[PDB]
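Please read the structure below before turning to the comments.
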Amino acid sequence: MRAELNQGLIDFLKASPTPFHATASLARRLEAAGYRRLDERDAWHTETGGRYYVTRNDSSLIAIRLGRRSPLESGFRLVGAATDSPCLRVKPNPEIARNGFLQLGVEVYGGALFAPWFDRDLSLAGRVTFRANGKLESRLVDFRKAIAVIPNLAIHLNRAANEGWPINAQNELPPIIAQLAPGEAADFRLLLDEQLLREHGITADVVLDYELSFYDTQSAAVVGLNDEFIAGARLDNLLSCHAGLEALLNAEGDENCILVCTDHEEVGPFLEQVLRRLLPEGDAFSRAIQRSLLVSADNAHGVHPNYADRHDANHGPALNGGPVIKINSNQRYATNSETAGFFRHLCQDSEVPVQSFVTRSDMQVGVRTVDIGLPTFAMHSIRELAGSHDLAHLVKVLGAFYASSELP
Amino acid sequence: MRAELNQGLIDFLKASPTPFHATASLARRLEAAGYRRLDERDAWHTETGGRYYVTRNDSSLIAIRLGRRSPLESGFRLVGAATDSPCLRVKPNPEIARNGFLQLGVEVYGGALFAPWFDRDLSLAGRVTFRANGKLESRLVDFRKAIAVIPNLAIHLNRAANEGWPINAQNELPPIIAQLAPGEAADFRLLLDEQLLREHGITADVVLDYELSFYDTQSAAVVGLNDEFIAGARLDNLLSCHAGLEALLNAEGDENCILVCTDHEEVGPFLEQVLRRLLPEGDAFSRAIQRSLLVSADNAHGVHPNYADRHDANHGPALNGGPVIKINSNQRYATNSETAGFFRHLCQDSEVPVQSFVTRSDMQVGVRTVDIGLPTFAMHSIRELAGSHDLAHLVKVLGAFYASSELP
Amino acid sequence: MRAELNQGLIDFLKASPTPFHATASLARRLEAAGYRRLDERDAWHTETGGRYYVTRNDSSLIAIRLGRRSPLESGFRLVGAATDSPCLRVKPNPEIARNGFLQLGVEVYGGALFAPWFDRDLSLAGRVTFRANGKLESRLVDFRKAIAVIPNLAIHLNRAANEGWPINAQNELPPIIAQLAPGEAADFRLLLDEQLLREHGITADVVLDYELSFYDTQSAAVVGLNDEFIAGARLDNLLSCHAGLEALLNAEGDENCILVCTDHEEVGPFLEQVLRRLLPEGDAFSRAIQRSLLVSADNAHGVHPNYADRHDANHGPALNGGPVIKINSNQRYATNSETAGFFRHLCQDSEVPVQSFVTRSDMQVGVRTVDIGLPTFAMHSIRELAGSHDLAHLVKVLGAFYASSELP
Ligand SMILES: [Zn+2]
Ligand SMILES: [Zn+2]
Ligand SMILES: [Zn+2]
């Protein structure tokens, strides 16, 4: 009955096909749990048992739980995750008409693995910006249905397929969405127009621009003979968003708690401007920050039994082995002996197994940070694999971290 | 309401994860339509309005519809397709235990594209041979559940991923099915033992050998903005089996009709031995054969708009453009001007659009044959794409071919 | 020491330098055992207890042991093996005279390893066809004596020898047989005439053509500290013929048994044409074959300790660990779950150890078949290696199979 955390992750993933949808999903959960939306344009009146959230660009979210003592005296407990994932995005003048098809040109967002996007039943979702009633508006759309596919070329016509080839993103990625009669005109913006109507019944004067991503229509799922795994797109990093949320809503204590889920992690001012607004002027920010810690959550690489030499022999985390503390001496404000020690101890105290990762050696707010993540395979594929046990481990330790009244 | 042929193809695909399952599915349909199973070990007593089928190795099937005139006088109308597909098969001593996992070693069956098998939710099915009650038996098993996955290595640990690499089948294909405690023993045959019990409640003395294939648990489906496509594994060549069956069961007339669906097309005596048993001794076979024609059905390559130069400019068949007559002057008993002309005319007469294919030029019973197929993309992927209109076109023309009382 | 027991195998190899001699040796044993030679030119009358054999081109052989019940009722038990091996054959106009030598030009028959043929004491044998007393005649000859050598080049004149070089079969394989005075004429046909007279007391008017193979005069031998191995030329595949013959002569029971030893396995009508003559016309043949099984015996590869990575870690057969069941899903009428299962149980039941092989994944009559072989090293060398216990294991199982009244 971490069956429930896992079911919740699956539903969150299905409701979050783009960073915008992930943000709106997080906002629903928070609104249902009593968090008040603050608007950055307004002056804020916050207080000591207060429960708040704020968004920017409708794609980034910070949730705030103010406790009994002020951040000056007790610091903030912060958990960081991200709302974006590497994917394929529709270009601005996208219509491609060849060999009787309609295709949409795509931009590669983040460091996607290309090959797995092929031969998948894809749909399309995101923000559309348009003019209605002489004013500018945006809405989210999700076609939902499998409207697109990027087919492989038959091995018969590419006989060295398995020997590998540099996949050209410009040429081989544009998905097929339909057939066109000769020579029907193709207007993608008209299709968005229809979709706005069908989904929200709005009648746009003109559709201006959009940020739309393809995504797999096949749901995340528990896989394995004995259900040891979860497979799904966007585990990087919606897995961590979900954990951080579950921990935030359920944590005990009365500490000052922050969940930051930022867009564009795959491509700082937001967090800073928000935290400063919760404190007096002067030395209070710097002083509260020096009593704070950030648990920066972002999936780690499990050691893959078919590519085991890609890991250091002594640092191969296992799926269902718990969260992984990520060490890289070549970063500032990364894991250090103090932030790692704190976090490792926190796991021991909660009886949550915990692991370590560094790489093979041949391969700003100023807050103390520990970098952790759940171990996974196939990072940046359209379908990643995590352990089915690990989400409950992370939720527990993050709960203890938010309830934790003393920091190092 | 070719919506119905397409729904039927989807269900046939779901019920046919291996050539054995495809064969048992075809046999159910035939048995329900009144066809009698003949057994090759017995003497046969066949007759003029008779409806029969026969199987070999439980993986190949021939269905026979004898008409009013004998094959000596009117020939046979034969349609050929295949029950197998390229896939991954479990090796005989398969258990691999590394980094805390259980994996099963795999053999590559046919010319599979490797990359698409990665990051898919896979299950396992096939024949298991065993000893129960002092006698040798076989049964089909299908675990059904997604018990296995072949994960990609993260792009972070293989940064040139997209530039391509020769995928090593021995090393990179073995699927993960479970986690093992150190050092639980792993017995795959015990797992088959449990599965026999769970699925058929049989208690084997010993499990001897098996022929088991992994397969995608994600169902075939209609995809496209306007439903122009079907995506699914095993379209090569269960698409043609289904068409040939639907045509056989529904065709008018009273001609001698044969559907041959053979195993191992991907890796002759069967068909021959069967046909000879339907005729007297002497010159009757050779004479009936010279009045017969075989429509050998096997998917063709549509021209792919992202790889259009892989086709000859003048011979790019289109999805939903109808069946494709396949010309290759470098084969004997392949399409020729007579068998092609016949078939093209048959399409014209039935108002079924029809197309032609040859390749770019830089790339035995003795029966007259025409080679046709529906156009598709991604042949030998784990998920292929066909047109949603084409199955109805093929079923109609094949119906007319079986009802057709004069051959060239 | 002892023990050995492989003496039968050694003597059979010694007597069988070519496929013709292999056939004559099998024929003489069969005759002495009371098997009657059928001539394919004549009408045949066979009877329920009958013992027969038949040859073709004097180089293939089929032995037949008819049992109590007809093949229609009880099937055939067939064992298949082959009479040929890779070797060097003399060309039709072979005399090469250079630097004072007579050499004979050779052609490479089969996939021979070239290097082992060097620096060996070779003799020559096979079929000579000639004309005497106005009739066409053929006889076998065997010079016996070491009359030929293919010497290496001194390392001093080829200092990078051990780095390897592509051996050119046309220039480096021709064997040296003698020295020629200036400018003595060489006539190879005259030498054959002498050898025909010596061996058969016959004088040819003219020697026309021949099929002659070089072979090693060094007898097969048991080798190793505890006599673990047998070293000899032509273990592929005379090892299987011998085991097949031993099993056929000594088998108990009253089943229909076939032994098929064919020429040209090193790259099906004979067998079918013969089996059809053992049956009535009509459906009998096909019904008898659907009750039959073929054990197709051809040496397998043991995992070699100096080149272990050429095998799958899990499917490395051991010399002296018994018969190997060879699995390759990429064939029709090859080992399958039923034919493997049957054979495996038969081994367990005869207390014969049994093994499985598939390769690394990165490397007719329509009878059910199981492909098996004894494990060996150095296949296709002039001197191969097998295990000295493995013959008995094979003979015991083939015997149980020939006795085995209950087939699948
Ligand atoms: Zn990422
Ligand atoms: Zn195919
Ligand atoms: Zn060989």
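By convention in this document, the chains of the structure tokens carry letters A, B, ... by their order, each chain's residues are numbered from 1, and ligands are numbered from 1 in the order they are shown.
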Using only C-alpha atoms, determine which residues lie at most 8 Å from segment 262-270 of chain A, disregarding the query and same-chain residues fewer than 2 positions distant; provide the list as an mmCIF file with N, CA, C and O atoms, in the first residue's frame.
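The result, written out as around_15.cif:
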data_model
loop_
_atom_site.group_PDB
_atom_site.id
_atom_site.type_symbol
_atom_site.label_atom_id
_atom_site.label_comp_id
_atom_site.auth_asym_id
_atom_site.auth_seq_id
_atom_site.Cartn_x
_atom_site.Cartn_y
_atom_site.Cartn_z
ATOM 1 N N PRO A 19 4.929 20.399 -19.109
ATOM 2 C CA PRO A 19 5.237 21.074 -17.861
ATOM 3 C C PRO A 19 4.074 21.910 -17.359
ATOM 4 O O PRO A 19 3.957 22.157 -16.167
ATOM 5 N N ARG A 56 4.727 30.696 -11.971
ATOM 6 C CA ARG A 56 5.252 31.610 -12.981
ATOM 7 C C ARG A 56 5.204 30.907 -14.320
ATOM 8 O O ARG A 56 5.512 29.685 -14.416
ATOM 9 N N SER A 59 4.155 27.276 -15.649
ATOM 10 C CA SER A 59 4.969 26.060 -15.830
ATOM 11 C C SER A 59 5.946 25.747 -14.729
ATOM 12 O O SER A 59 6.632 24.729 -14.772
ATOM 13 N N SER A 60 6.022 26.644 -13.766
ATOM 14 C CA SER A 60 6.814 26.516 -12.560
ATOM 15 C C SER A 60 5.942 26.791 -11.356
ATOM 16 O O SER A 60 5.081 27.695 -11.374
ATOM 17 N N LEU A 61 6.189 26.041 -10.299
ATOM 18 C CA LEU A 61 5.404 26.161 -9.070
ATOM 19 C C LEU A 61 6.290 26.103 -7.793
ATOM 20 O O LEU A 61 7.183 25.262 -7.676
ATOM 21 N N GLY A 80 13.554 20.465 -4.054
ATOM 22 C CA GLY A 80 13.558 20.905 -5.442
ATOM 23 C C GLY A 80 13.301 19.756 -6.390
ATOM 24 O O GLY A 80 13.867 18.656 -6.210
ATOM 25 N N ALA A 81 12.450 19.984 -7.394
ATOM 26 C CA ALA A 81 12.309 19.025 -8.466
ATOM 27 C C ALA A 81 12.029 19.797 -9.737
ATOM 28 O O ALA A 81 12.236 20.998 -9.768
ATOM 29 N N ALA A 82 11.633 19.137 -10.820
ATOM 30 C CA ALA A 82 11.449 19.859 -12.072
ATOM 31 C C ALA A 82 10.207 19.368 -12.772
ATOM 32 O O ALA A 82 9.886 18.204 -12.665
ATOM 33 N N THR A 83 9.568 20.267 -13.520
ATOM 34 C CA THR A 83 8.361 19.985 -14.230
ATOM 35 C C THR A 83 8.533 19.590 -15.686
ATOM 36 O O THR A 83 7.554 19.136 -16.313
ATOM 37 N N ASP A 84 9.737 19.735 -16.238
ATOM 38 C CA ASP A 84 9.932 19.466 -17.670
ATOM 39 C C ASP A 84 10.597 18.151 -17.899
ATOM 40 O O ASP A 84 11.109 17.579 -16.972
ATOM 41 N N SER A 85 10.563 17.689 -19.151
ATOM 42 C CA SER A 85 11.160 16.436 -19.580
ATOM 43 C C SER A 85 11.618 16.562 -21.034
ATOM 44 O O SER A 85 11.013 17.289 -21.792
ATOM 45 N N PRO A 86 12.645 15.810 -21.451
ATOM 46 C CA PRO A 86 13.048 15.956 -22.840
ATOM 47 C C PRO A 86 11.969 15.429 -23.703
ATOM 48 O O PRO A 86 11.428 14.383 -23.385
ATOM 49 N N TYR A 109 13.499 19.019 -27.679
ATOM 50 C CA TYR A 109 13.589 19.730 -26.412
ATOM 51 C C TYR A 109 14.369 18.874 -25.418
ATOM 52 O O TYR A 109 13.942 17.773 -25.048
ATOM 53 N N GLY A 110 15.506 19.404 -24.970
ATOM 54 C CA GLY A 110 16.384 18.670 -24.072
ATOM 55 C C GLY A 110 17.176 17.576 -24.771
ATOM 56 O O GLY A 110 17.073 17.374 -25.969
ATOM 57 N N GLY A 111 17.936 16.811 -24.005
ATOM 58 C CA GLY A 111 18.735 15.735 -24.557
ATOM 59 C C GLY A 111 17.965 14.424 -24.626
ATOM 60 O O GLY A 111 18.294 13.455 -23.908
ATOM 61 N N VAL A 260 9.885 23.397 -4.599
ATOM 62 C CA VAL A 260 10.119 24.172 -5.808
ATOM 63 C C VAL A 260 10.128 23.229 -6.983
ATOM 64 O O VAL A 260 10.955 22.365 -7.052
ATOM 65 N N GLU A 272 14.364 32.736 -5.491
ATOM 66 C CA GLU A 272 14.883 33.835 -4.706
ATOM 67 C C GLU A 272 13.848 34.931 -4.444
ATOM 68 O O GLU A 272 13.703 35.371 -3.316
ATOM 69 N N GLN A 273 13.184 35.401 -5.487
ATOM 70 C CA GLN A 273 12.220 36.483 -5.355
ATOM 71 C C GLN A 273 11.068 36.039 -4.467
ATOM 72 O O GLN A 273 10.529 36.836 -3.715
ATOM 73 N N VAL A 274 10.740 34.756 -4.483
ATOM 74 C CA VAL A 274 9.646 34.304 -3.680
ATOM 75 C C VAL A 274 10.148 34.322 -2.233
ATOM 76 O O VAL A 274 9.523 34.966 -1.379
ATOM 77 N N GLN A 364 21.332 32.459 -7.950
ATOM 78 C CA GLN A 364 21.936 31.728 -6.834
ATOM 79 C C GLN A 364 21.518 32.332 -5.493
ATOM 80 O O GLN A 364 21.632 33.548 -5.256
ATOM 81 N N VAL A 365 21.064 31.458 -4.608
ATOM 82 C CA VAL A 365 20.572 31.871 -3.306
ATOM 83 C C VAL A 365 21.622 31.564 -2.223
ATOM 84 O O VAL A 365 21.597 32.149 -1.141
#
For chain C against chain B, with a cut-off of 7 Å and counting only C-alpha atoms, what is the closest atom pair and its distance in Å to one decimal for every residue that makes the cut, ordered by chain and number, as a tab-separated table?
residue	atom	partner	partner_atom	distance
C:282	CA	B:281	CA	6.9
C:283	CA	B:277	CA	6.3
C:286	CA	B:273	CA	6.8
C:287	CA	B:41	CA	4.5
C:290	CA	B:41	CA	6.0
C:291	CA	B:41	CA	7.0
C:314	CA	B:93	CA	6.0
C:315	CA	B:93	CA	6.6
C:329	CA	B:109	CA	6.2
C:330	CA	B:267	CA	4.7
C:331	CA	B:267	CA	5.7
C:332	CA	B:264	CA	6.0
C:337	CA	B:210	CA	4.7
C:338	CA	B:129	CA	5.9
C:340	CA	B:209	CA	6.4
C:341	CA	B:208	CA	5.1
C:344	CA	B:208	CA	6.9
C:356	CA	B:92	CA	6.7
C:360	CA	B:170	CA	6.0
C:361	CA	B:170	CA	4.6
C:362	CA	B:169	CA	5.4
C:364	CA	B:269	CA	6.5
C:365	CA	B:269	CA	6.7
C:366	CA	B:269	CA	6.0
Kindly save the residues from that selection, with N, CA, C and O atoms included, as an mmCIF file, in the first residue's frame.
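As a result, part34.cif now contains:
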data_model
loop_
_atom_site.group_PDB
_atom_site.id
_atom_site.type_symbol
_atom_site.label_atom_id
_atom_site.label_comp_id
_atom_site.auth_asym_id
_atom_site.auth_seq_id
_atom_site.Cartn_x
_atom_site.Cartn_y
_atom_site.Cartn_z
ATOM 1 N N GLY C 282 -0.483 -43.499 -52.444
ATOM 2 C CA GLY C 282 -1.580 -42.745 -51.876
ATOM 3 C C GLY C 282 -1.110 -41.971 -50.670
ATOM 4 O O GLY C 282 -0.017 -41.388 -50.663
ATOM 5 N N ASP C 283 -1.933 -41.978 -49.631
ATOM 6 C CA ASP C 283 -1.652 -41.178 -48.472
ATOM 7 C C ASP C 283 -0.668 -41.851 -47.462
ATOM 8 O O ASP C 283 -0.344 -41.278 -46.384
ATOM 9 N N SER C 286 2.768 -39.882 -46.384
ATOM 10 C CA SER C 286 2.602 -38.718 -45.548
ATOM 11 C C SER C 286 2.117 -39.132 -44.125
ATOM 12 O O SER C 286 2.551 -38.579 -43.123
ATOM 13 N N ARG C 287 1.242 -40.127 -44.046
ATOM 14 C CA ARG C 287 0.811 -40.633 -42.724
ATOM 15 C C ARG C 287 1.931 -41.300 -41.978
ATOM 16 O O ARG C 287 2.096 -41.082 -40.785
ATOM 17 N N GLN C 290 4.262 -38.411 -40.710
ATOM 18 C CA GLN C 290 3.709 -37.727 -39.511
ATOM 19 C C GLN C 290 3.786 -38.556 -38.231
ATOM 20 O O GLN C 290 3.578 -38.005 -37.166
ATOM 21 N N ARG C 291 4.102 -39.849 -38.331
ATOM 22 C CA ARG C 291 4.447 -40.661 -37.153
ATOM 23 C C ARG C 291 5.954 -40.861 -36.907
ATOM 24 O O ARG C 291 6.319 -41.582 -35.971
ATOM 25 N N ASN C 314 26.176 -19.355 -20.988
ATOM 26 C CA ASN C 314 25.251 -20.389 -20.486
ATOM 27 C C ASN C 314 25.125 -21.643 -21.346
ATOM 28 O O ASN C 314 24.488 -22.588 -20.933
ATOM 29 N N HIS C 315 25.665 -21.653 -22.557
ATOM 30 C CA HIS C 315 25.457 -22.788 -23.453
ATOM 31 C C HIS C 315 26.800 -23.211 -24.027
ATOM 32 O O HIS C 315 27.018 -23.160 -25.250
ATOM 33 N N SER C 329 16.268 -21.312 -33.634
ATOM 34 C CA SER C 329 14.911 -20.963 -34.048
ATOM 35 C C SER C 329 14.828 -20.520 -35.508
ATOM 36 O O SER C 329 13.769 -20.627 -36.115
ATOM 37 N N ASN C 330 15.948 -20.077 -36.078
ATOM 38 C CA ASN C 330 15.999 -19.684 -37.494
ATOM 39 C C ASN C 330 16.085 -20.826 -38.535
ATOM 40 O O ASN C 330 16.700 -20.654 -39.583
ATOM 41 N N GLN C 331 15.419 -21.951 -38.262
ATOM 42 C CA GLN C 331 15.200 -23.025 -39.246
ATOM 43 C C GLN C 331 13.815 -23.695 -39.127
ATOM 44 O O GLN C 331 13.281 -23.847 -38.009
ATOM 45 N N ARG C 332 13.249 -24.115 -40.268
ATOM 46 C CA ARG C 332 12.139 -25.106 -40.233
ATOM 47 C C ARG C 332 12.687 -26.545 -40.220
ATOM 48 O O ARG C 332 13.767 -26.824 -40.750
ATOM 49 N N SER C 337 10.351 -27.584 -29.427
ATOM 50 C CA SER C 337 10.044 -27.974 -28.011
ATOM 51 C C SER C 337 9.676 -29.447 -27.892
ATOM 52 O O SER C 337 10.012 -30.065 -26.887
ATOM 53 N N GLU C 338 9.031 -30.019 -28.920
ATOM 54 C CA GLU C 338 8.629 -31.442 -28.868
ATOM 55 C C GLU C 338 9.761 -32.398 -29.181
ATOM 56 O O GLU C 338 9.855 -33.454 -28.550
ATOM 57 N N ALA C 340 13.150 -31.682 -29.146
ATOM 58 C CA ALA C 340 14.066 -31.526 -27.965
ATOM 59 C C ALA C 340 13.512 -32.270 -26.738
ATOM 60 O O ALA C 340 14.272 -32.945 -26.032
ATOM 61 N N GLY C 341 12.212 -32.128 -26.459
ATOM 62 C CA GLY C 341 11.676 -32.700 -25.209
ATOM 63 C C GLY C 341 11.781 -34.204 -25.246
ATOM 64 O O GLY C 341 12.269 -34.846 -24.307
ATOM 65 N N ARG C 344 15.461 -35.238 -24.893
ATOM 66 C CA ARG C 344 15.917 -35.002 -23.518
ATOM 67 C C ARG C 344 15.397 -36.072 -22.563
ATOM 68 O O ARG C 344 16.142 -36.646 -21.823
ATOM 69 N N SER C 356 22.679 -28.560 -23.933
ATOM 70 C CA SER C 356 22.053 -27.651 -24.901
ATOM 71 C C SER C 356 23.037 -26.667 -25.479
ATOM 72 O O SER C 356 23.981 -26.252 -24.804
ATOM 73 N N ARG C 360 26.097 -17.653 -29.648
ATOM 74 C CA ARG C 360 25.970 -16.245 -29.291
ATOM 75 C C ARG C 360 24.968 -15.539 -30.273
ATOM 76 O O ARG C 360 24.958 -15.816 -31.493
ATOM 77 N N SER C 361 24.131 -14.655 -29.738
ATOM 78 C CA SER C 361 23.195 -13.943 -30.570
ATOM 79 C C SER C 361 23.831 -12.872 -31.497
ATOM 80 O O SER C 361 23.183 -12.433 -32.441
ATOM 81 N N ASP C 362 25.080 -12.479 -31.228
ATOM 82 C CA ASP C 362 25.891 -11.603 -32.109
ATOM 83 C C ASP C 362 26.778 -12.377 -33.113
ATOM 84 O O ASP C 362 27.780 -11.832 -33.558
ATOM 85 N N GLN C 364 11.788 -30.684 -47.256
ATOM 86 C CA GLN C 364 12.320 -31.844 -47.950
ATOM 87 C C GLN C 364 11.308 -32.994 -47.837
ATOM 88 O O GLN C 364 10.420 -33.075 -48.688
ATOM 89 N N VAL C 365 11.406 -33.861 -46.807
ATOM 90 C CA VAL C 365 10.344 -34.865 -46.564
ATOM 91 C C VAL C 365 9.343 -34.390 -45.480
ATOM 92 O O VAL C 365 8.239 -34.897 -45.386
ATOM 93 N N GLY C 366 9.723 -33.400 -44.686
ATOM 94 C CA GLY C 366 8.771 -32.783 -43.769
ATOM 95 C C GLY C 366 8.552 -33.588 -42.519
ATOM 96 O O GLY C 366 7.457 -33.615 -41.950
#
Report as a short mmCIF file (atom, residue, chain, number, x, y, z; two decimals) with C-alpha atoms, in the first residue's frame all protein, DNA and RNA residues lying within 9 Å of segment 191-202 of chain C, evaluated on only C-alpha atoms, omitting residues in the same chain fewer than 2 positions from it.
data_model
loop_
_atom_site.label_atom_id
_atom_site.label_comp_id
_atom_site.auth_asym_id
_atom_site.auth_seq_id
_atom_site.Cartn_x
_atom_site.Cartn_y
_atom_site.Cartn_z
CA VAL C 128 39.05 -43.59 -60.32
CA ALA C 132 38.90 -51.41 -69.68
CA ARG C 139 37.30 -48.40 -58.55
CA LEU C 140 38.44 -47.04 -55.23
CA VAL C 141 42.12 -46.60 -54.62
CA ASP C 142 44.10 -45.72 -51.57
CA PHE C 143 47.80 -45.15 -51.85
CA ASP C 187 51.82 -38.22 -65.79
CA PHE C 188 49.41 -38.50 -62.87
CA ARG C 189 47.02 -40.77 -64.74
CA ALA C 204 43.15 -49.72 -67.63
CA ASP C 205 43.30 -49.00 -71.37
CA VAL C 206 42.77 -45.37 -70.35
CA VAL C 207 42.24 -43.58 -67.05
#
Next on the checklist: Env of residue 175 of chain B: 8 Å cut, atoms = only C-alpha atoms, seq-sep filter 4 positions within chain, self excluded. Answer as a ChimeraX atom specification.
Outcome noted: /B:103-106,148-151
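Note that the spacing between atom CA of residue 123 of chain C and atom CA of residue 18 of chain C amounts to 11.4 Å.
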Item to check | Proximity to ligand 2 - best of A:87, A:125, A:308, A:155, only C-alpha atoms and all ligand atoms | outcome: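 Of A:87, A:125, A:308, A:155, the one nearest ligand 2, counting only C-alpha atoms and all ligand atoms, is A:155.
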Neighbours of residue 184 of chain B within 12 Å (only C-alpha atoms; same-chain residues fewer than 5 positions away dropped), as a PDB file with C-alpha atoms, in the first residue's frame?
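What landed in selection_27.pdb:
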ATOM      1  CA  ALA B  97      21.840 -13.237 -12.729  1.00  0.00           C
ATOM      2  CA  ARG B  98      23.852 -10.008 -12.488  1.00  0.00           C
ATOM      3  CA  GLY B 100      20.755  -8.236  -8.410  1.00  0.00           C
ATOM      4  CA  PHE B 101      18.485  -8.966 -11.399  1.00  0.00           C
ATOM      5  CA  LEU B 102      17.102 -12.008 -13.179  1.00  0.00           C
ATOM      6  CA  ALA B 178      12.739  -9.669 -11.786  1.00  0.00           C
ATOM      7  CA  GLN B 179      15.005  -8.892  -8.884  1.00  0.00           C
TER       8      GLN B 179
END
Item to check | Counting only C-alpha atoms, the option among C:350, C:46, C:74, C:217 closest to residue 288 of chain C | outcome: C:74
Checklist entry - Excluding same-chain residues fewer than 6 positions from residue 51 of chain A, what lies within 8 Å of it counting only C-alpha atoms, as a list in words? => result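 Final neighbour list, sorted by chain and number: residues 34, 35, 36, 63, 64, 65 and 66 of chain A.
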Item to check | Distance query residue 165 of chain B at most 9 Å, only C-alpha atoms, self and fewer than 5 positions along chain excluded, as a ChimeraX atom specification | outcome: /A:162-166 /B:160
Checklist entry - How would you write, as a ChimeraX atom specification, the set of residues in segment 117-281 of chain A that DSSP gives as strand (DSSP E or B)? => result /A:122-132,135-142,148-149,176-179,206-216,221-223,229-232,256-262
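If you measure from each of C:243, C:9, C:403, C:112 to ligand 3 using only C-alpha atoms and all ligand atoms, the closest one turns out to be C:112.
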Next on the checklist: Taking the DSSP secondary structure from the backbone, can you list the residues of segment 71-156 of chain B that are alpha helix (DSSP H), as number ranges by chain?
Outcome noted: B: 71-74
